[PDB]
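Q: Sharing a structure, written as structure tokens. Questions coming.
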Amino acid sequence: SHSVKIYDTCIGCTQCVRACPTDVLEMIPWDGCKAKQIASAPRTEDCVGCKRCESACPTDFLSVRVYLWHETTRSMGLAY
Amino acid sequence: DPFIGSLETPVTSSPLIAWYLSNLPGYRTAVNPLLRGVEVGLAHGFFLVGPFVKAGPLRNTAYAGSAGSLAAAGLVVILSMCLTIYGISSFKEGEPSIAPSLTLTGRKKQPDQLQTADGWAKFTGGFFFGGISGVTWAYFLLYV
Amino acid sequence: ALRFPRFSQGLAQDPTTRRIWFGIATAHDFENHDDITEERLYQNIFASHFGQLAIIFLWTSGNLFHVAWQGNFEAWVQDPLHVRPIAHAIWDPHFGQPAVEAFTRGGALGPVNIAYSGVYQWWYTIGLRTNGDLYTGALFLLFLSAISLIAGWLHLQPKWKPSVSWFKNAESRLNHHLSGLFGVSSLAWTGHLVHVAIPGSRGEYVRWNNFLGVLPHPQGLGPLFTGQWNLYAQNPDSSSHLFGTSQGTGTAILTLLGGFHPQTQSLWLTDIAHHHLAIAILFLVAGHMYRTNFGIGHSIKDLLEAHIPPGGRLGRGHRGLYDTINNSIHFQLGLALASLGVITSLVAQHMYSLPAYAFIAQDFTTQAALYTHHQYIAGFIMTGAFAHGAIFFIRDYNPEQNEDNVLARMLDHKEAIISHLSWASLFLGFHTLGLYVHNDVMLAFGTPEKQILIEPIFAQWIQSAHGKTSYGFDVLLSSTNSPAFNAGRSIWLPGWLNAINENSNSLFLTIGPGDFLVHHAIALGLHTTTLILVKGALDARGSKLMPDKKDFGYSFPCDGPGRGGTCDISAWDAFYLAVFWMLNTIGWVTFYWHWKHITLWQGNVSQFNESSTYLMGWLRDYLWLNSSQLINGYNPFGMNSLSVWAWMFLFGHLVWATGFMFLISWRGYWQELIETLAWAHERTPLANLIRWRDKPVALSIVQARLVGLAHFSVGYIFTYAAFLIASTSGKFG
Amino acid sequence: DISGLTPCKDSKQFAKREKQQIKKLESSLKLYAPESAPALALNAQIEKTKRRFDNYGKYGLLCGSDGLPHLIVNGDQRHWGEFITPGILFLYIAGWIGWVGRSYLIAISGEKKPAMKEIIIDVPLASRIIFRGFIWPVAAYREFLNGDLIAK
Amino acid sequence: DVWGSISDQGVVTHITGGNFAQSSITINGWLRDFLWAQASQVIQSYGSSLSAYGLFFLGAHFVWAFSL
Amino acid sequence: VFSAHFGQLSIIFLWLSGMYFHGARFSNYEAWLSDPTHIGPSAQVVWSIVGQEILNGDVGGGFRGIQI
Amino acid sequence: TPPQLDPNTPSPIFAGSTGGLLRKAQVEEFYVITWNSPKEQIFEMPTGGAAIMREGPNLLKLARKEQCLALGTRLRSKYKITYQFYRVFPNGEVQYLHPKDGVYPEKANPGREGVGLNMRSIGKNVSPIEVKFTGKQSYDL
Amino acid sequence: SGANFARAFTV
Ligand code: CLA
Ligand code: CLA
Ligand code: CLA
Ligand code: CLA
Ligand code: CLA
Ligand code: CLA
Ligand SMILES: CC1=C(/C=C/C(C)=C/C=C/C(C)=C/C=C/C=C(C)/C=C/C=C(C)/C=C/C2=C(C)CCCC2(C)C)C(C)(C)CCC1
Ligand code: SF4
Ligand code: SF4
């Protein structure tokens with residue numbers, strides 16, 4: 001399973017949550033920004049590594065990072 | 001069930017085709033695997049004898065039949081070795097069989113004993129014996 | 001922990017077929033194994049070294065035994081110029097009658113293989129004359145392989161296992177390697193040359209049984225200890241000496257004659273013995289520099305810390321470099337690989353102009369094969385040096401402990417170095433291509449006199465300085481009166497000038513307008529390859545497109561399609577790109593050498609001098625002209641002994657063309673194809689009783705790139721080797 | 001003379017090559033009518049070949065052993081015009097181009113959107129800038145001494 | 001096997017001698033008798049009225065190598 | 001789409017007109033008409049600027065030009 | 001929210017296709033998506049082709065989570081229909097997967113724990129030399 | 001045919 005980490009540079013624009021095709025990320029309330037919310041990645045074991053979340057993230061460098069790791073049936077996307 | 005990854009077509013499910021395929025030695029269930037292996041080996045050896053004796057490097061000499069029969073025997077031996085290796089690597093000893101236990105009607109049936117260590121071993125032994133017998137019978141018939 | 005990759009659980013958990021591939025791929029990478037420590041890594045490295053030594057010794061033993069058993073050494077030593085060496089016998093059930101008839105060469109009773117490795121001349125020179133010596137050597141090397149394996153197993157034991165602090169004792173290792181490994185070995189080889197090789201060259205047979213009852217020099221050891229060493233050079237070998245016999249010989253064992261042996265066109269054995277003696281003395285004297293347990297010597301860390309320039313133009317200088325070098329193994333590997341590559345290139349450049357083996361200048365195919373082989377090995381090693389430097393920068397570099405020293409300053413200003421390398425490569429490529437195309441068009445229109453031909457003035461001046469009088473300059477050794485000519489005239493100049501001023505040999509060949517452009521092309525290739533490798537090494541830690549490259553590792557596929565798309569962004573991809581340029585440059589160099597030497601050997605040097613200035617000359621007068629005999633190995637009319645070379649030609653072509661598969665097409669299409677094939681196999685009758693254990697998946701991206709590169713290299717190497725050997729063997733001149 | 005070369009007005013291979021080319025042209029000349037246009041064209045070609053050979057001989061080049069002229073980039077005073085005299089000229093012209101381009105870029109750095117001026121050149125300002133490069137060495141040297149050549 | 005020349009007597013001499021039937025069953029035959037033999041006119045056209053064909057022959061090779 | 005089709009038709013007609021004018025002006029059609037077997041067609045003539053005049057090969061019929 | 005059940009829901013009208021379930025469905029797992037449609041209308045299946053969804057509750061079986069999510073997001077975007085899918089094992093266990101809190105993840109809701117949060121910028125991570133010879137990774141700290 | 005060829009070499 002891959003590893004998805006959220007850093008504190010986030011501004012809570014909800015784009016990464018919408019972009020995910022496997023329902024990995026979600027948003028929780030926070031107090032470190034104006035939008036008063038941050039992202040989190042509970043269902044990491046479902047991540048397929050498509051890196052769509054990193055494509056839609058406005059920041060000098062991305063506040064959500066995906067590191068590829070040990071592969072498995074779910075993360076590889078095998079239908080058989 | 002439409003959502004299963006298969007289709008119902010005239011060729012896939014026909015009375016003649018289903019009857020023919022359900023009578024082949026590899027598809028019987030209540031029969032111990034040794035006899036089915038013997039039959040399969042006999043058929044395969046008798047089929048295999050031909051091309052080696054017909055298109056080999058010694059097809060134009062007087063040594064065509066013996067060389068072809070020996071080549072067919074070697075192929076049968078190699079196939080038996082491959083079958084034994086696959087049986088060792090795939091099935092375990094004490095575990096039950098992994099064959100389906102119900103038919104299209106849904107009526108429960110005894111699982112096939114071929115998908116087991118002892119069953120596959122019997123099948124491979126029968127196949128080896130049948131292949132050798134078929135090869136030698138074809139050699140006897142062709143050049144006598 | 002359960003499946004085949006016992007050294008990595010992550011590779012054992014996944015059920016696809018990539019587990020096998022990645023288990024085979026990363027077996028020797030001891031840093032990534034789970035539960036690894038420094039001690040285990042060092043001990044595994046030690047055991048691997050021992051195994052490699054055993055393999056090398058077994059290889060040379062097998063070579064010796066096969067030449068002894070299936071060769072014609074005894075018949076070859078009598079008539080060196082009129083007997084073809086035999087490598088080993090051929091047994092093949094697939095061979096037809098004409099193949100058996102055609103391959104029977106030499107004096108054998110069956111098919112054999114002509115040996116182009118050149119071991120016959122080496123073994124003849126070092127003093128072997130019968131097959132008993134070869135059998136004895138084979139047994140000795142078998143014993144050496146056995147003892148190497150035994151030592152490896154012994155040192156893997158718990159009781160004899162060394163500790164980490166032992167491995168990092170740099171000063172003692174340097175002292176012992178400089179004094180014992182180098183100096184003593186050279187001294188022993190000098191002893192062998194004095195005792196066996198030189199007397200064996202004059203007809204006296206010295207062996208183990210009776211080497212105590214013979215005197216290498218009639219005076220003995222008296223002159224050496226007295227001080228009159230000159231007595232060892234009183235009677236040199238006469239100019240009419242015949243190798244292997246006792247006609248017109250002398251008694252000296254250490255000389256400084258210089259030049260080549262007249263009959264064999266090789267270096268004198270006395271000169272070689274003297275050179276080895278001097279080198280051994282120098283190494284023995286120089287090996288006592290560093291401090292050890294006896295309280296005197298030098299300390300390396302204090303040597304490094306003291307070299308900091310006042311004024312701070314270099315910053316902190318060399319402070320902290322000792323620990324950086326010691327604590328990291330990739331730094332050591334990179335340094336060793338760079339040195340080995342330079343040494344290999346030196347060997348390749350020297351062994352063709354100053355041959356040291358008897359009757360090797362008359363064997364053209366052996367010379368060509370040896371030169372090409374050594375140059376390719378040198379290129380690969382030089383690429384590996386930069387690869388391991390980049391790995392070091394990724395893994396073992398600690399920014400805090402190397403603050404403001406030379407490494408930090410290097411990481412500071414990468415942009416200037418990259419820009420200047422790019423400028424130099426652009427300049428060279430632009431102008432070389434322009435000159436070549438202009439010459440080609442001028443020849444195409446039918447007017448050769450409008451060509452651009454530039455004389456290599458500087459190289460010709462260098463050759464004139466060395467003592468060549470074929471141009472007109474009178475500088476240094478060329479001039480009759482000069483401090484250098486007077487200083488060196490009494491010892492070695494009389495032979496050196498005669499050797500260099502002949503036209504047959506390959507020592508300092510004449511050069512004209514054709515060599516200028518080829519040298520500039522070689523420089524362009526070197527600059528471009530260096531640019532690629534240096535950029536990959538310096539941009540490993542990070543850049544502007546991805547400033548956290550050190551977290552993902554040395555090799556990773558990509559970073560998605562975002563930010564415009566980032567393919568081939570890692571340093572592994574920089575190495576994979578630089579391999580192609582290395583191959584291209586080495587190919588250019590080998591083409592130049594082969595064409596120049598074949599034109600020289602064939603008799604006329606005007607063909608090269610008139611057809612090397614435009615590219616159609618290379619395409620028509622080198623490849624097309626010389627492929628005539630190679631492509632005719634087998635035809636509808638028949639076949640001859642060149643059939644195997646044509647077959648390997650086609651084999652190399654096929655492999656090279658197959659590489660394009662993996663180098664062009666990418667993963668998704670093949671994954672979809674595998675999807676469909678899996679459905680087809682699962683849905684068929686009489687074949688669904690068999691089920692797979694590993695789910696079939698397409699190859700990864702980096703794996704596909706590696707496979708394509710391997711195919712490319714194999715095809716390239718095999719095709720060129722076949723062409724070179726067949727073309728040089730067809731005419732034997 | 002230099003590096004064992006022969007002066008191009010004394011070598012024989014030069015004359016042999018000239019004769020070969022002239023004979024090759026005259027072989028094709030014979031086919032057509034003497035008054036026809038192809039005859040005039042071939043006569044012009046022959047005249048051009050003869051003039052080129054005479055000019056090459058008179059210019060003081062050095063043919064080699066095989067018969068072709070060789071260029072000397074060494075720096076001898078007898079070959080000033082072989083490499084050194086043209087090369088300097090090139091640099092001049094080349095510098096011109098570079099200087100002009102640089103100036104134009106600065107001339108559009110003031111505005112808020114220089115991209116529009118980069119993709120759609122303006123002719124008045126460019127024509128004003130073009131002729132300032134005729135004295136590029138002097139301006140470049142003065143800027144280097146002042147220190148405005150390098151950004152800070 | 002089709003093009004060629006005919007004489008007054010009646011015999012027909014083809015361009016390549018009719019070797020397609022026996023030499024085209026091997027890859028070596030396609031490389032030697034077709035690519036190697038028929039490329040003589042392309043490369044030996046320098047200094048003649050067909051030099052542009054050789055120039056384009058080299059230029060196409062350059063572009064093909066450039067594409068990689 | 002209609003307008004683009006019309007533009008393409010105009011370009012094709014211009015190309016055909018150019019080919020016909022080249023056949024009319026710089027060609028040896030009248031020479032080829034009488035003796036077609038021994039004369040090579042040619043409808044392009046090269047200028048004499050640099051040394052490219054060697055491209056004006058002798059096709060036949062008292063003409064020099066690039067064979068078409 | 002309490003997870004629901006899918007006892008006896010019928011299925012959409014289909015003619016069959018070769019992109020359905022495979023041996024993995026019998027061996028490893030599959031997924032079941034349920035929704036509610038106000039009218040009988042034609043939609044497009046993720047596997048391939050077109051099908052017709054009936055009025056009332058509709059249930060479907062799929063092989064991967066991505067197919068379920070793609071069909072669900074198409075339903076949400078085009079038809080304005082809520083949906084929910086579960087995962088089914090060969091042993092009969094049913095696991096509720098889509099919205100666990102009863103609310104789509106794009107909207108914040110109190111009661112959600114933070115997972116995998118690093119309270120530093122992406123450029124404050126340590127170098128790989130710091131974490132060498134240990135199992136942990138630089139970004140994990 | 002000569003005039004057509006001469007048209008190119010008028011200058
Ligand atoms: C070191 C490399 C070496 C190599 C490449 C060869 C190569 C060859 N051998 Mg020779 N040979 C060698 C050493 C070697 N030999 C030694 C040490 C002996 C003494 C036992 C012989 C004795 C020998 C005989 C008696 C014969 C050959 C023959 C042959 C040929 C056919 C191959 C075969 O039948 O193997 C035969 C090999 C052996 C019976 C034993 C050799 C194996 C040694 C013990 C170890 C090799 C280990 C290898 C390096 C694995 C390392 C793994 C590592 C990469 C991880 C082939 C040219 C045959 C021939 O004549 O055909 C024309 C044959 O009749 N060889
Ligand atoms: C004086 C005694 C001594 C000696 C003889 C050696 C010798 C050696 N050590 Mg060292 N070592 C010593 C002391 C000594 N050590 C001490 C005290 C320590 C503790 C600090 C170490 C620590 C140590 C380690 C940790 C390791 C070694 C290793 C080795 C081996 C090097 C590999 C190799 O064979 O290269 C061959 C070397 C030479 C022949 C030198 C020649 C190189 C030049 C460039 C030759 C130029 C080529 C020339 C033209 C030849 C012609 C070719 C021919 C075919 C014609 C070798 C057995 C390595 C190994 O292999 O272990 C098994 C290794 O792992 N050593
Ligand atoms: C002096 C010895 C030497 C040593 C000890 C090392 C040591 C190391 N290298 Mg370095 N390296 C060297 C020389 C050396 N290298 C050279 C000369 C090069 C230039 C090519 C490189 C370039 C290099 C790269 C590019 C990489 C390393 C890496 C590694 C590490 C992993 C090893 C491994 O997994 O490979 C095991 C490899 C194999 C078993 C599979 C490949 C086998 C090749 C492709 C076979 C080619 C096919 C064959 C010839 C077919 C013949 C067919 C027949 C018809 C002829 C290891 C620490 C790897 C790393 O990531 O380290 C951190 C890494 O990726 N090295
Ligand atoms: C033979 C074909 C070929 C050629 C010509 C090049 C050329 C070049 N390579 Mg590439 N390369 C190739 C194949 C080739 N490569 C392959 C197979 C690989 C493996 C993937 C690479 C990988 C590679 C790498 C990794 C790098 C390069 C770089 C370079 C540049 C090196 C500097 C230099 O040589 O400038 C000489 C310049 C020229 C010869 C270019 C041609 C000039 C043209 C002909 C002039 C325009 C004239 C004309 C009017 C055209 C009009 C067009 C028409 C439509 C009007 C240069 C552009 C290096 C780099 O970028 O350095 C800056 C570098 O980093 N190459
Ligand atoms: C130059 C060599 C080359 C070769 C041999 C192939 C081979 C093939 N291509 Mg690839 N391809 C290439 C270059 C090449 N390609 C290039 C440059 C591209 C552009 C990117 C592609 C892109 C491509 C696509 C897009 C597709 C293929 C497909 C195919 C396959 C077609 C089916 C078939 O004919 O295979 C049968 C095998 C051969 C004809 C190869 C020769 C084998 C002979 C008989 C020797 C066998 C020897 C024997 C078994 C050896 C055993 C000994 C050993 C145990 C030691 C086949 C694997 C198609 C495919 O996969 O669909 C089926 C397809 O979809 N290729
Ligand atoms: C406008 C003027 C201009 C100037 C002053 C420079 C200046 C420089 N270039 Mg750059 N460059 C330019 C345009 C320019 N460049 C363009 C248009 C390109 C894209 C083709 C490049 C691409 C480029 C590369 C790839 C490299 C440089 C490098 C360099 C440096 C070394 C010199 C050299 O190698 O030239 C190289 C020159 C070229 C390859 C072609 C330049 C010729 C252009 C077409 C002329 C400028 C014309 C312009 C349209 C005029 C408009 C003004 C008008 C409206 C009034 C130097 C700082 C080198 C380096 O980095 O050195 C540190 C290097 O690696 N340049
Ligand atoms: C990445 C990296 C790396 C790598 C690097 C490299 C790879 C390098 C190389 C380098 C090289 C490869 C170099 C070379 C050099 C050389 C030289 C420096 C030479 C010199 C010479 C001389 C000086 C000579 C002289 C002379 C002559 C000329 C003649 C005779 C006389 C005399 C002797 C005087 C490392 C590992 C570090 C680590 C870090 C990073
Ligand atoms: S896209 Fe980036 S900035 Fe926006 S919520 Fe997700 S992590 Fe935060
Ligand atoms: S990589 Fe893809 S699946 Fe994984 S969290 Fe990002 S968007 Fe979701």
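Residue names in the structure tokens use chain letters A, B, ... in the order shown, residue numbers from 1 in each chain, and ligand numbers from 1 in the order shown.
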Which protein, DNA or RNA residues have an atom within 6 Å of ligand 3, counting only C-alpha atoms and all ligand atoms, as a list in words?
A: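 These are the residues that qualify: residues 25, 26, 27, 28, 29, 380, 381, 383, 384, 387 and 710 of chain C.
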Q: Residues as selected, N, CA, C and O atoms, written as a compact mmCIF listing (two decimals), in the first residue's frame, can you do that?
A:
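Output saved as again.txt:
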```
# COMPACT_ATOMS: atom_id res chain seq x y z
N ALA C 25 16.30 -8.88 -9.72
CA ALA C 25 16.97 -7.62 -10.01
C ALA C 25 17.79 -7.11 -8.83
O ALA C 25 18.93 -6.66 -9.01
N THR C 26 17.24 -7.17 -7.62
CA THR C 26 17.85 -6.52 -6.46
C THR C 26 18.45 -7.51 -5.48
O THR C 26 18.36 -7.32 -4.26
N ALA C 27 19.08 -8.58 -5.97
CA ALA C 27 19.69 -9.56 -5.08
C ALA C 27 21.00 -9.07 -4.48
O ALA C 27 21.33 -9.44 -3.35
N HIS C 28 21.76 -8.26 -5.21
CA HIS C 28 23.07 -7.81 -4.77
C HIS C 28 23.04 -6.46 -4.06
O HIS C 28 24.10 -5.97 -3.66
N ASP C 29 21.87 -5.85 -3.90
CA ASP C 29 21.76 -4.54 -3.26
C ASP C 29 21.60 -4.78 -1.76
O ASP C 29 20.49 -4.89 -1.25
N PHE C 380 32.28 1.35 -20.57
CA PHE C 380 31.29 0.91 -19.59
C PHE C 380 31.71 1.27 -18.17
O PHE C 380 30.90 1.75 -17.37
N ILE C 381 32.99 1.07 -17.85
CA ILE C 381 33.48 1.38 -16.51
C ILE C 381 33.36 2.87 -16.22
O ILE C 381 32.96 3.29 -15.12
N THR C 383 31.22 4.98 -17.46
CA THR C 383 29.82 5.28 -17.18
C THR C 383 29.44 4.88 -15.76
O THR C 383 28.74 5.62 -15.04
N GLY C 384 29.89 3.70 -15.33
CA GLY C 384 29.57 3.24 -13.98
C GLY C 384 30.10 4.16 -12.90
O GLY C 384 29.48 4.30 -11.84
N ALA C 387 27.60 6.86 -12.49
CA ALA C 387 26.39 6.31 -11.90
C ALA C 387 26.53 6.18 -10.38
O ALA C 387 25.64 6.59 -9.62
N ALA C 710 19.35 -3.21 -22.64
CA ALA C 710 20.14 -4.43 -22.73
C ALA C 710 20.10 -5.02 -24.14
O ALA C 710 21.13 -5.44 -24.67
```
Q: Enumerate as a ChimeraX atom specification all residues of chain A assigned to helix (DSSP H, G or I) by DSSP on the backbone, naming them with the chain letters and numbers the document uses.
A: /A:15-19,44-46,52-55,73-76
Q: Within 6 Å of ligand 2, counting only C-alpha atoms and all ligand atoms, which protein or nucleic acid residues do you find, written as a PyMOL selection string?
A: chain C and resi 46+49-50+167+169+172-173+176-177+180-182
Q: Pick out the residues no farther than 12 Å from ligand 6, counting only C-alpha atoms and all ligand atoms, and list them as a ChimeraX atom specification.
A: /C:415-430,528,531 /D:91,93-108,117-133,149-150
Q: Within 9 Å of ligand 9 (counting only C-alpha atoms and all ligand atoms), which residues show up? I'd like them as a compact mmCIF listing (two decimals) with N, CA, C and O atoms, in the first residue's frame.
A:
```
# COMPACT_ATOMS: atom_id res chain seq x y z
N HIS A 2 0.47 2.24 -0.80
CA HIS A 2 1.21 3.49 -0.89
C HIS A 2 1.06 4.30 0.39
O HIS A 2 0.38 3.89 1.34
N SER A 3 1.70 5.46 0.43
CA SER A 3 1.62 6.34 1.59
C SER A 3 1.25 7.74 1.13
O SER A 3 1.97 8.34 0.33
N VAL A 4 0.15 8.27 1.66
CA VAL A 4 -0.31 9.62 1.32
C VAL A 4 -0.22 10.47 2.57
O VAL A 4 -0.84 10.16 3.59
N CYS A 16 -8.56 18.23 -3.90
CA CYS A 16 -7.96 16.89 -3.86
C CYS A 16 -9.00 15.83 -3.53
O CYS A 16 -8.95 14.72 -4.05
N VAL A 17 -9.95 16.17 -2.65
CA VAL A 17 -10.99 15.21 -2.28
C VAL A 17 -11.87 14.88 -3.48
O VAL A 17 -12.21 13.72 -3.71
N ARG A 18 -12.25 15.89 -4.26
CA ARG A 18 -13.07 15.65 -5.44
C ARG A 18 -12.31 14.88 -6.51
O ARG A 18 -12.89 14.04 -7.21
N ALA A 19 -11.01 15.15 -6.65
CA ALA A 19 -10.25 14.54 -7.74
C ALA A 19 -10.01 13.05 -7.55
O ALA A 19 -9.77 12.35 -8.54
N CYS A 20 -10.06 12.55 -6.32
CA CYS A 20 -9.70 11.15 -6.07
C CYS A 20 -10.75 10.22 -6.67
O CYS A 20 -11.95 10.41 -6.44
N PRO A 21 -10.34 9.20 -7.42
CA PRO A 21 -11.30 8.27 -8.04
C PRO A 21 -11.63 7.03 -7.23
O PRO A 21 -12.35 6.17 -7.73
N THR A 22 -11.13 6.91 -5.99
CA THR A 22 -11.27 5.68 -5.23
C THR A 22 -11.79 5.97 -3.81
O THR A 22 -12.06 5.03 -3.05
N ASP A 23 -12.06 7.23 -3.49
CA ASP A 23 -12.57 7.64 -2.18
C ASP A 23 -11.56 7.25 -1.09
O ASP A 23 -11.71 6.28 -0.35
N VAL A 24 -10.44 7.96 -1.13
CA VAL A 24 -9.37 7.81 -0.15
C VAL A 24 -9.34 8.98 0.83
O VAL A 24 -9.28 8.77 2.04
N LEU A 25 -9.41 10.20 0.32
CA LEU A 25 -9.29 11.39 1.16
C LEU A 25 -10.65 11.84 1.68
O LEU A 25 -11.70 11.44 1.20
N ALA A 41 -6.39 11.28 5.13
CA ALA A 41 -6.38 10.10 4.27
C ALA A 41 -6.55 8.83 5.10
O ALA A 41 -5.58 8.11 5.36
N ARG A 43 -8.55 5.98 4.36
CA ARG A 43 -8.61 4.77 3.54
C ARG A 43 -7.42 4.72 2.59
O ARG A 43 -7.55 4.79 1.36
N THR A 44 -6.23 4.61 3.18
CA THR A 44 -5.01 4.56 2.39
C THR A 44 -4.88 3.25 1.63
O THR A 44 -4.35 3.23 0.51
N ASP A 46 -6.83 1.67 -0.10
CA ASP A 46 -7.52 1.67 -1.38
C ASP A 46 -6.80 2.49 -2.45
O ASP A 46 -7.19 2.41 -3.62
N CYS A 47 -5.77 3.25 -2.08
CA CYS A 47 -5.10 4.11 -3.04
C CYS A 47 -4.46 3.30 -4.16
O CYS A 47 -3.82 2.27 -3.91
N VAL A 48 -4.63 3.76 -5.39
CA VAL A 48 -4.08 3.09 -6.57
C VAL A 48 -2.87 3.80 -7.13
O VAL A 48 -2.29 3.32 -8.12
N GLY A 49 -2.46 4.92 -6.55
CA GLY A 49 -1.28 5.62 -7.01
C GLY A 49 -1.45 6.46 -8.25
O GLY A 49 -0.45 6.83 -8.87
N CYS A 50 -2.69 6.77 -8.65
CA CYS A 50 -2.92 7.50 -9.89
C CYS A 50 -2.37 8.92 -9.85
O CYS A 50 -2.19 9.53 -10.91
N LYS A 51 -2.11 9.46 -8.66
CA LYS A 51 -1.53 10.80 -8.50
C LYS A 51 -2.40 11.88 -9.14
O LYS A 51 -1.89 12.89 -9.63
N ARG A 52 -3.72 11.68 -9.14
CA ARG A 52 -4.63 12.73 -9.58
C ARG A 52 -4.76 13.83 -8.53
O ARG A 52 -4.98 14.99 -8.87
N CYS A 53 -4.64 13.47 -7.24
CA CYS A 53 -4.77 14.46 -6.18
C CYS A 53 -3.66 15.49 -6.26
O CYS A 53 -3.89 16.68 -6.02
N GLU A 54 -2.44 15.06 -6.59
CA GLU A 54 -1.32 15.98 -6.70
C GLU A 54 -1.45 16.93 -7.88
O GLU A 54 -0.84 18.01 -7.87
N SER A 55 -2.21 16.55 -8.91
CA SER A 55 -2.34 17.40 -10.09
C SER A 55 -3.18 18.64 -9.80
O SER A 55 -2.92 19.71 -10.37
N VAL A 64 -0.09 17.84 -0.48
CA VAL A 64 -0.42 16.43 -0.39
C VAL A 64 0.59 15.66 -1.23
O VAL A 64 0.83 16.01 -2.39
N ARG A 65 1.20 14.63 -0.65
CA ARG A 65 2.24 13.88 -1.33
C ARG A 65 1.94 12.40 -1.28
O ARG A 65 1.52 11.87 -0.24
N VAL A 66 2.15 11.72 -2.40
CA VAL A 66 1.95 10.28 -2.52
C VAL A 66 3.31 9.64 -2.79
O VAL A 66 3.97 9.95 -3.78
N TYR A 67 3.72 8.75 -1.89
CA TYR A 67 4.94 7.97 -2.04
C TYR A 67 4.56 6.53 -2.34
O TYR A 67 3.82 5.91 -1.56
N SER A 75 -4.07 -2.14 -4.86
CA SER A 75 -3.35 -0.97 -5.35
C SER A 75 -2.92 -1.13 -6.80
O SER A 75 -2.77 -0.13 -7.51
```
Q: Could you give me, as a ChimeraX atom specification, every polymer residue with an atom at most 9 Å away from an atom of ligand 7, counting only C-alpha atoms and all ligand atoms?
A: /C:325,330-339,341-342,382-393,407,533-534,536-538
Q: Give me every strand (DSSP E) residue in chain E, going by DSSP on the backbone, as a PyMOL selection string.
A: chain E and resi 4-6+12-14
Q: At a cut-off of 10 Å around ligand 1, and using only C-alpha atoms and all ligand atoms, what residues come up? Please write them as a PyMOL selection string.
A: chain C and resi 51-52+54-66+69-70+87-92+111-112+138-139+141-142
Q: One decimal, in Å: what's the spacing between atom CA of residue C:75 and atom CA of residue C:100?
A: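 Distance reported for this atom pair: 22.3 Å.
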Q: Quick one: residues within 7 Å of stretch 55-70 of chain B, only C-alpha atoms counted, chain neighbours fewer than 6 positions away excluded, as number ranges by chain?
A: B: 49, 135, 139
Q: How would you report the residues lying within 10 Å of ligand 8, as a count of residues only, if you count only C-alpha atoms and all ligand atoms?
A: 36
Q: Find the residues near ligand 5. Use a cut-off of 8 Å, count only C-alpha atoms and all ligand atoms, and write them as a list in words.
A: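 Those residues are residues 654, 655, 656, 657, 658, 659, 660, 661, 662, 663, 664, 665, 669, 670 and 673 of chain C.
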Q: Neighbours of residue G:88 within 10 Å (only C-alpha atoms; same-chain residues fewer than 6 positions away dropped), as a count of residues only?
A: 10
Q: Do a neighbour search on stretch 38-48 of chain E at 8 Å with only C-alpha atoms, toss out local chain neighbours closer than 6 positions, and write the hits as a list in words.
A: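 Result of the neighbour search: residues 443, 444, 445, 446, 447, 616 and 620 of chain C; 54 and 57 of chain E; 54 and 55 of chain F.
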